[PDB]
Amino acid sequence: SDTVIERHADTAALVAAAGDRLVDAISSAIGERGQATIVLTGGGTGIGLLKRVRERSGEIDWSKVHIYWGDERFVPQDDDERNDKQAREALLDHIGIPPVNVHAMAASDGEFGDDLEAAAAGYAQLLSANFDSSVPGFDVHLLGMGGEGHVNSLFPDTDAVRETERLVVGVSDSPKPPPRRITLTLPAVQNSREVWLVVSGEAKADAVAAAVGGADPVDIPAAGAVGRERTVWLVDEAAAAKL
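For the record, in the sequence shown the residue sitting at position 31 is 32 according to the deposited numbering, with numbers rising by one throughout.
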């Protein structure tokens with residue numbers, strides 16, 4: 002498993018390149034295997050890259066694309082803090098993807114009511130099916146990263162980042178609002194052919210360098226966000242400055 006670093010001059014150029022790269026990865030995966038399975042992320046650059054994908058959406062047959070999320074805010078479905086809602090407005094509402102191919106994590110007014118543990122366990126059941134299936138794993142897991150190295154809703158020192166067994170857990174006390182989240186764990190992230198971290202800004206430079214360098218994930222969660230075939234850091238020059 003190689004680490005690939007692709008640097009772009011600024012956020013705009015980064016987001017455009019990441020979206021392009023994803024279009025090409027989806028098309029390659031469909032070419033090699035007849036389908037593509039992608040895990041989406043939240044945050045500025047994560048959503049921004051999807052708007053670039055939208056511009057090229059006519060190149061892809063979306064009935065052969067399967068969509069998951071890496072984490073989600075456990076809040077009402079219509080809340081603007083929802084990762085799924087932002088991905089739908091950026092891209093998913095605008096493409097011909099069967100709803101059965103799209104697997105949003107639950108909302109707090111959803112299927113499980115306000116039961117966070119139940120909502121995370123439901124998503125774990127869903128992932129268990131895929132990983133035990135005929136064509137298992139994710140092709141690409143997209144990630145943003147915070148300045149303290151968090152990815153998905155896996156924060157430093159937490160039980161979530163230490164989890165070695167469950168594929169998905171509830172986080173009830175995120176130090177960044179909102180407090181309650183559903184997140185894939187590192188074992189789930191590591192069952193991806195590629196993990197792409199799309200990271201912009203000087204505030205992220207230390208965490209990028211520490212993560213590329215191989216820190217303990219308990220201290221820098223992004224350090225454990227590694228793909229089976231490769232880990233791709235799509236960074237701007239500011240986020241790359243400590244390399």
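All residues carry an ideal CB built from backbone N, CA and C; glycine is no exception.
Out of curiosity, what's the CA-to-CA distance linking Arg8 and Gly114?
Spanning the two alpha carbons is a distance of roughly 43 Å.
Which of helix, strand or coil does DSSP assign to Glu82?
Residue state, collapsed to three classes: coil.
Counting only the same chain and skipping the five closest in sequence on each side, list residues whose C-beta sits under 6 Å from that of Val76.
These residues qualify, in order along the chain: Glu82, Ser109 and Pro179.
Tell me where the beta strand (DSSP E) around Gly171 begins and ends.
Start and end: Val169 to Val172.
Leaving out five residues on either side along the sequence, give the residues of the same chain with a beta carbon under 8 Å from the beta carbon of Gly111.
Same-chain partners within the cutoff: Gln78 and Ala120.
Bridge partners of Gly114, per DSSP?
In the DSSP output, where bridge partners are listed per residue, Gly114 has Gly111.
Would you please state the rounded distance, in angstroms, between the beta carbons of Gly43 and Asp72? I believe it to be under 8 Å.
Yes, they are in contact, since the Cβ atoms of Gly43 and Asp72 sit about 7 Å apart, within 8 Å.
Determine, using beta-carbon pairs with one atom in the region 154-168 and one in the region 215-231, whether at least three such pairs fall under 8 Å.
These segments touch.
Assuming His95 and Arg55 make a contact with CB atoms under 8 Å, what is their CB distance in whole Å?
The Cβ separation is near 6 Å, so the contact holds.
Out of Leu51, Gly123, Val227 and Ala107, state which residue places its alpha-carbon closest to the alpha-carbon of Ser193.
Closest by alpha carbon: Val227.
In the DSSP assignment, the alpha helix (DSSP H) including residue 293 goes from what residue to what residue?
This structure cannot speak to residue 293, because the chain is shown only from 2 to 244.
I need the straight-line Cα distance from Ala107 to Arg167, nearest angstrom please.
Using only the alpha carbons, I get a separation of about 17 Å.
Considering only residues of the same chain and omitting the five flanking positions on each side of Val136, which have a CB-CB separation below 7 Å?
Counting only Cβ-Cβ distances below 7 Å, and skipping sequence neighbours, we find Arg34 and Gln36.
Which of the three DSSP states, helix, strand or coil, is assigned to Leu50?
Looking at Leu50 - three-state DSSP - the assignment turns out to be helix.
Bridge partners for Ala37 per DSSP, in chain order?
DSSP, once it has assigned bridges, lists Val66 as partnering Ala37.
Pop quiz: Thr184 and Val169 are said to be a contact at Cβ under 8 Å. What is the actual Cβ separation, rounded to whole angstroms?
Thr184 to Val169, Cβ: 7 Å. Contact.
Helix, strand or coil for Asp21, going by three-state DSSP, please let me know.
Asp21 falls in the helix class under three-state DSSP.
Rounded to whole angstroms, what's the CA-CA distance from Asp116 to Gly123? Just pull it up for me.
Looking at the two C-alpha atoms, the distance is approximately 11 Å.
What is the DSSP secondary structure of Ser29, counted as helix, strand or coil?
Of the three classes helix, strand and coil, the one that applies to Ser29 here is helix, per DSSP.
On the three-state DSSP scale, how would you describe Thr184?
The answer is strand: DSSP assigns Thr184 an E or B state.
Whose C-beta lies closer than 6 Å to the C-beta of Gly20 among residues of the same chain, with five residues either side of it excluded?
Once the five neighbours on either side are set aside, the close Cβ partners of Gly20 are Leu50, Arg53 and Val54.
Out of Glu238, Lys205 and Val24, which one is the CA nearest neighbour of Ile39?
Answer by Cα proximity: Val24.
Among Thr232, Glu195 and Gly202, whose alpha-carbon lies nearest the alpha-carbon of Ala212?
Checking every option, the nearest Cα to that of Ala212 belongs to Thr232.
Please state whether the Cβ-Cβ distance between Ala105 and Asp85 is less than 9 Å.
Result yes, Cβ atoms of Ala105 and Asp85 sit closer than 9 Å.
What does DSSP give as the partner residue(s) for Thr4 in the beta ladder?
Note: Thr4 sits in a beta bridge opposite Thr232.
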